[PDB]
Amino acid sequence: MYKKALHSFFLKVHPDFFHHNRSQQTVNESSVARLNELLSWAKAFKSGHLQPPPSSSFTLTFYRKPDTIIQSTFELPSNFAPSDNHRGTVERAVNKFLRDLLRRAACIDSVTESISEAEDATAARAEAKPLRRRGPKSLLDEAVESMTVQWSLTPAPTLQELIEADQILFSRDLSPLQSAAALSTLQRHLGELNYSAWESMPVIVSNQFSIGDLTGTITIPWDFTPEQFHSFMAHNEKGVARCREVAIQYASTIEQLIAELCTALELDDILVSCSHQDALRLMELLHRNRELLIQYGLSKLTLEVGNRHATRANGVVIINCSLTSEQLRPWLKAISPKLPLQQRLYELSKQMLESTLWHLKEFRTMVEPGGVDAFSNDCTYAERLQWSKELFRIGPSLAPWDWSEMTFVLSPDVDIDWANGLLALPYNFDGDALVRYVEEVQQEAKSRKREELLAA
Amino acid sequence: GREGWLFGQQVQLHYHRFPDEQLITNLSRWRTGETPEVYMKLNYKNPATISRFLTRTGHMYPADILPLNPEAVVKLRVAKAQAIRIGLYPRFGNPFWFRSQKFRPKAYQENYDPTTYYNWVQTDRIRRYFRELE
Amino acid sequence: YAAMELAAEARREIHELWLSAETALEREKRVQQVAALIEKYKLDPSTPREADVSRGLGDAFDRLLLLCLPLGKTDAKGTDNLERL
Amino acid sequence: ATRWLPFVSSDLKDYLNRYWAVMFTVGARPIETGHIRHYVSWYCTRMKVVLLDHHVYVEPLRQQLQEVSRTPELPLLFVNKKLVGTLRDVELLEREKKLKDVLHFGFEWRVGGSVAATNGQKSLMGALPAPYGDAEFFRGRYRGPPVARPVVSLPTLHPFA
Amino acid sequence: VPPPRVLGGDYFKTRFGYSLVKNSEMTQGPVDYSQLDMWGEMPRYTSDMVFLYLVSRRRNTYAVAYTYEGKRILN
Amino acid sequence: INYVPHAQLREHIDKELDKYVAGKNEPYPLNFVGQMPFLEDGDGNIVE
Amino acid sequence: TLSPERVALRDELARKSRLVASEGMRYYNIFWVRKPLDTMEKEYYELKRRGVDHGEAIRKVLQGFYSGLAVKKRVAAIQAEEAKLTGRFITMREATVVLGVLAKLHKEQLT
Amino acid sequence: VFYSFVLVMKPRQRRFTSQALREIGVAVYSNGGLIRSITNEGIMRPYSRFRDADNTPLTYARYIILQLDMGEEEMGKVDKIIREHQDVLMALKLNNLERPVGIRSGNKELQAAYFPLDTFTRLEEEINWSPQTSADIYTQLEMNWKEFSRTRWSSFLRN
Amino acid sequence: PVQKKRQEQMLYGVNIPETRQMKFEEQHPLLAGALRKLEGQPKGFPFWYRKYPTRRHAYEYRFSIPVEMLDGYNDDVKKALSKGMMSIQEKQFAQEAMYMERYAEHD
Amino acid sequence: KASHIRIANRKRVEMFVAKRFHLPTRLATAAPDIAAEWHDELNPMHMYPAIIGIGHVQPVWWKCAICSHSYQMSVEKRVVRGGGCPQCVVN
Ligand SMILES: [Zn+2]
């Protein structure tokens, strides 16, 4: 019935569709949440569970995309009180508010509007003189169901996943104990206050408290009070939105430049280690000097940016952040002759990386160990590939035993820690010898059980 | 020293079963919304897949012990016959057997126990990482 | 990036054109007015890439197809208009 | 009327709905399965044993069994879609003579009091409520026959029995 | 009970009689994909293993010994 | 479906026989059984 | 539960998102994964209300998903890079690992 | 009719192998048929050693997979050619291509509920999957994947 | 089953239900459904369908494929679909179709 | 239920008719001297003296041992009727 109208209304005024205008979005999510709890406790009140109405009267405003504000007011009757006598009029009030929203959004037909108005008028007339009767969804049920199932705001992320996502930072000047307490007492017990606009940037905790900090970040004072934080955000909400914005354009500006650069030089990636501010200067320099790079033959090579002019044996060229326009021409003429060598090494490195990952994956699938760590130790790619090949060779001979507890790792020396579930081997290790040792262990366990049973 | 390495490497607390398991779990959780392609591989080209349903000897298990979809059984049998014909599967024997089993003991046990259902290397990695950090 | 907004603008222009040609008495004005859009938005099949607004014309495509129909007389090679769409 | 097909299902509930008494086991616990088979066959009740080692849907069925039984214990018995438990619970029911009924009719007597501990025929001597209590403050109360106890362990006949 | 802990390569060699580290010629830079053995899961019979077969019967018993290559050593 | 015309048959046969020979830059493919086969220097002689 | 058409496109989207993720992107450490997927399916719903050739519609939403993931990756890179450059604060995870590893080293040196 | 063959050929010189395959293809073409594809499958070691026509066991054999379209009579002609060939130690013929295995025997209701054209149109690699092939590869092919795979080797690349 | 087989031989889409997935798709999607979703030349409505009410009105090609459906494909594909590649079962059906054409009083 | 045997490991035939006719009448068996001349260069690979057998009416290539001439003749003419090399009979 009203499924189409609610679908259109949400498709129009959902916050997810307004990412260009963060102000419109930051009004929309709030209005949507308000409507959500309003309809939720309206349904609860109808089913029973009489409760006082949060914000018994209020106006909600939504923004639209003509590719346009709609404000509607809920004005619960003056004589409202939680009881059966009032149990009927609140439904008609919420239906009036919903019809006003729908009509103003222009996503409901006039005939359906009249249908709902006649429904409410009939209910009001029935209230006086009782009747008897011995189902299709109404506006309230349709709205709550559509909001819940498909048009629902994404739930706020949790603290356990946030700490792992590295969204939270802290100044080391705070002691470990004088840092853990604020998290413990302000996130486990104080996660409810969090506002939707706040989960979009990293949060650092330090002694001070401001918005002047790393790109797209906010700061938090030690043992901050929640209402003090609310006052801060109400005081300079412009600052946090602006910092998020400037951060996202700072990132996206790097992105396009990287993209058309990689396409123009038929290379894959631009990696950065030095400041991205200087990375942008180098990006602009190569932006205006593209064709010169093709002339020199720089192509089909992922480019790495560091602090010292150099080139890694993996084929990446590590470039300095501090460069000028005239001094690069000597640099290009200097590194021109070895460019083909770097390119061939790059291709060989990709081939060996693919082979190593394939072998590690095969060993994981057939000898599932619960963990393999080949890329932690700084060895040569040839050594890592050789170690992966040896593990893959062992493979089935090692299969008959469960290694869900042990973790295979690459080491400069062998260690076999059965208690802590570690198994570290050098790239030069005999798979035959390792199978020998595990078979020795199995034989010892078997003989031990036989001897114990015979003694018993 | 090297400076790209510090910005490349990231510190991990605990190892993963495989590095993308958390992403896969979250993707599956969203796909289910909460808050078999083996008939394609059961053929003469997949010795491991056909061996996944055979005994230690290369023959058939009892129907009660290893019951199957009848189409799966037919495909298994024809694939085994064709592979043995070509010589891609031993005419007697069953490699991939241990590889296919699932209730495997531990290296220091003799039977599978239903109840089962900071390493120095990474410490040194962290030490060298921080040493380069300054 | 501009192709998306251009498809939206073409859709809106077809919306307003459907109203403009709601009392299209003279056949000539309608046929040439609809023909103009073909070249202005380069709807010819020679533009298979994203530049084509046809793939983005989800529903206004049918209205544009229907708009150029009445070709009773004085075709001036009118049928090619229908044939391109 | 139709060809014979071995039954398989990824849902523990399908097994419960289909088979009266169903036991899930593994090949690594032969003795426990043998004991439960001994008890069930002694009470002459049709029972289906399913080995999970080669069963497809092994992980689904295993997690479902673990969540329904609140323990990883592969040898598990089910009657009337309920859990009787592992060999220890089966032995307990055999001890207090409730296993006959849990198998045949599918319910455990909740009467209270043990029937195994008996000197002769089963009667109610010592069941009536005691006025004022104080069953302990009659120091000269009847204490029963002189139960004897072993001095040493008398080594077990077999490591299994 | 998990078995004991072993940490040194030289200690492993001295304790077990066979070095774990290959410690051989470096054949590095090989092909990027390797072929498996026909019987991967089977035990690794090295060159110097004498395979003796003991066949029993009701009245008799035979014993022969073969080289790793299938050559009979003794009648 | 990329059929092999009779004219292109010998060329395709030779180019396909040259698939696992030896001394090659791009990686060798896995055969239909997913097992890398032996390489042959040329004329079908196994070396490695 | 879910409605069958919704679960169908959600399944195809989940597979495609997995492929753009830990596959070629190699972005195992993604954060707040729910928002991108939901905004993409909502955008698909808009494109289907309009009528956008489901194949083309899914291509478009997937490309938008890729762009969002890339910008997220690089903003995370910005914060990590500048936080490491400034030695005053680093992050929480390394604090946990250091405060654990120092205790483990203390125990070892005690042994 | 869509037919497929797996040939196990003794690893002779390249010229001899090419001569054998050329003769087979010439038989196919002179018998009014088409070869959908030919694929050298490398030289492998079968678990059971086939004896040459000289009754010598051969440890190594080259594998060739042929996919072709031929009528039944001339398919039989070329089939006998292949079987009686000198080099072919074995020739496995796939009859299961137009109709998937198991429905002729599986279930009566489903015997006439399949579309032969679905399997006829696609190649043998798409009916019988290798261990390496999985629907992820088909999803990757359906994706453009050019701007998706470009960032794959960065984390390992820098370290 | 006999009647199902011969009904399938006679009629074209008798297998396909209104849901557009015959029984084999439901259990084996990876075989029946097309693996590659190709954007090539999606053909339009067949305006020539009046000519072939049943499979026996087109028996000179494999799978009773009318020639109007083969307009754009390659000569190798047409040869693969020619009579010479026809199977024995479909050849027998073509023999039946000749006499149906000769002696049938209505479609 | 009929039992077959593969002649020269290539041609599967019924065991009865094989033991009675095929085996004793193979070209490399009945007339090895004639099998010697078999032209292994100009003569298709799927035909060789271990299979074709005497009585083959189709002509095949023969390499002469005396004048090293390659001539085309039928196996039945060569073995049964006593065929010979045209150049040799000319000489
Ligand atoms: Zn002569």
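A quick note on method: Cβ atoms are made from the backbone with ideal geometry, for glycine too, and the neighbour counts reach across all protein chains shown. Quick note: the coordinates plus some simple rules give every number you see, no bench work behind them.
Cβ-to-Cβ counts within 10 Å put J:70, A:179 in ascending order as J:70, A:179, the fewest first. How far is helix D:30-42 tilted, in degrees, relative to the longest principal axis of the Cα atoms in chain D, given as a value from 0 to 90 rounded to the nearest 10? The helix D:30-42 is inclined about 70 degrees to chain D. Among A:324, B:116, a tally of other beta-carbon atoms within 10 Å of each Cβ gives an order, fewest to most, of A:324, B:116.
One Cα centroid belongs to the stretch A:134-154, the other to the stretch B:95-134; the line between them spans 49 Å. For residue D:85, the residues 5 or more places off, or on other chains, whose built amide H falls under 5 Å of its own are D:77.
Backbone phi angles across the stretch A:436-444, fed through the Karplus curve with coefficients 6.51, -1.76 and 1.60 (θ = phi - 60°), yield HN-Hα couplings of 4, 5, 5, 5, 4, 4, 4, 5, 4 Hz in residue order; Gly and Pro are listed as x. Along its three principal directions, the equivalent ellipsoid of the stretch H:4-130 from the Cα gyration tensor extends over semi-axes of 29, 18, 13 Å, largest first.
Each 10 Å bin from zero holds the following percent of Cα-Cα pairs in the stretch D:1-104: 14, 50, 29, 6, 0.
Peptide H:43-53 has a mean shielding of 6, counted as Cβ atoms of other protein chains within 10 Å of each residue's Cβ. Proximity of backbone amide H atoms, modeled 1.01 Å from N, is registered between residue J:7 and J:12, J:13 at under 5 Å, excluding neighbours fewer than 5 places apart on the same chain.
Of the residues C:64, C:31, C:46, the one whose Cα sits farthest towards the positive end of the charge dipole of chain C is C:31 (charges of +1 on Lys and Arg Cβ, -1 on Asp and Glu Cβ, taken about the Cα centre). Projecting the Cα atoms of A:176, A:294, A:399 onto the charge dipole of chain A (Cβ charges, centred on the Cα centre) puts A:294 farthest toward the positive pole.
Screening chain H for DSSP H helices whose Cα atoms reach 20 Å or more along their own axis and whose mean Kyte hydropathy is at least -0.5 gives H:14-30. A convex hull fitted around the alpha carbon atoms of chain F yields 108 Å³ per residue. The phi torsions of the stretch H:36-48, fed into the Karplus equation with coefficients 6.51, -1.76 and 1.60 and a -60° offset, translate into couplings of 5, 5, 10, 9, 4, 10, x, 9, 10, 10, x, 5, 10 Hz, rounded to whole numbers, with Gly and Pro shown as x. Please name which of B:118, B:108, B:68 has its Cα lying farthest along the dipole of the stretch B:64-134 towards the positive end, using unit charges on Cβ (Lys, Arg +1; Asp, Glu -1) and the Cα centre as origin. Selected residue: B:68.
Principal axis analysis of the Cα atoms in the protein assembly as shown yields extents of 132, 129, 88 Å, listed in decreasing size.
Ranked for footprinting exposure by Cβ neighbours inside 10 Å, fewest first, J:27, F:17 give F:17, J:27. Among bridges DSSP assigns within chain A, what percent are antiparallel (round to 5)? In chain A, DSSP labels about 35 percent of beta bridges as antiparallel.
At a Cβ-Cβ separation cutoff of 4.7 angstrom, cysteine residues of chain A with no neighbouring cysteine are A:107, A:243, A:262, A:379. For chain J, the relative contact order works out to 20 percent when only alpha carbon pairs closer than 8 Å and six or more residues apart are counted. To the nearest 10 degrees, how steeply does helix C:2-20 sit against the main Cα axis of chain C, on a 0 to 90 scale? It is inclined by approximately 20 degrees.
The magnitude of the dipole of the stretch H:25-159, with charges of +1 and -1 set on the Cβ of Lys/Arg and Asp/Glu and taken from the Cα centre, is near 520 debye.
Could you work out the percent of alpha carbon pairs in chain A separated by over 37 Å, rounded to a whole number? Counting every Cα pair in chain A, those more than 37 Å apart make up 58 percent.
Shielding value for I:69-81 is 3, the average number of Cβ atoms from other chains within 10 Å of each residue's Cβ.
Note: the stretch D:32-80, Cα convex hull, 93 Å³ per residue.
Compactness of the stretch B:1-133 was expressed as the Cα radius of gyration divided by 2.2 N^0.38 Å, which yields 1.63. Note that the stretch A:388-400 has calculated 3J(HN,Hα) couplings of 4, 4, 5, 4, 4, 4, 4, x, x, 4, 8, 4, x Hz, one per residue in order, obtained from phi through the Karplus relation 6.51 cos²θ - 1.76 cosθ + 1.60 (θ = phi - 60°); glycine and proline are x. Its Cα centre serving as origin, chain D has a Cβ charge dipole (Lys and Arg +1, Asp and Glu -1) of approximately 440 debye. Against chain G, whose longest principal axis comes from its Cα atoms, helix G:92-110 is set at around 30 degrees. Computed from point charges on the beta carbon alone (+1 for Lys and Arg, -1 for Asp and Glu), the dipole magnitude for the protein assembly as shown about its Cα centre is near 4360 Debye.
For the segment E:8-18, counting C-beta atoms of other chains within 10 Å of every residue's C-beta and taking the mean gives 3.
Electrostatic bookkeeping for residue A:342 treats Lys and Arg as +1 and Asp and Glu as -1; over the other residues with beta carbon under 14 Å from its beta carbon, the sum is +2.
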